[PDB]
């Protein structure tokens, strides 16, 4: 049975106006800005952008990849597919 989301989990993350996007739940570094309550820091692969999202926009990667893990025209998307498949826990700093 599923647990709550935790840093390191891989997802497709949904934002208004964008396709479901390969992403991870990030850690928050010491001294770094924390997310709002009930929100997680999402690191989007490919773009390497962060946004704060709740579980309603987070689709676990293993269950979702056959649907959402397909090339997309949008900038950064296909780089993002490579990252989540090939080195999803690397530093992209």
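Positions refer to the first chain, counted from 1.
Could you check the entry and say whether 43-51 or 29-37 has the higher mean CA B-factor? Between 29-37 and 43-51, it is 29-37 that shows the higher mean C-alpha B-factor.
Look up the CA B-factors in the entry and say which stretch, 73-81 or 19-27, has the higher mean. Here the higher of the two C-alpha B-factor means belongs to 73-81.
Quick check for you: using the entry's CA B-factors within this chain, is residue 3 in the lowest, middle or highest third? Tercile = highest for this residue's CA B-factor.
Quick check for you: using the entry's CA B-factors within this chain, is residue 87 in the lowest, middle or highest third? For residue 87, the deposited C-alpha B-factor lands in the lowest third.
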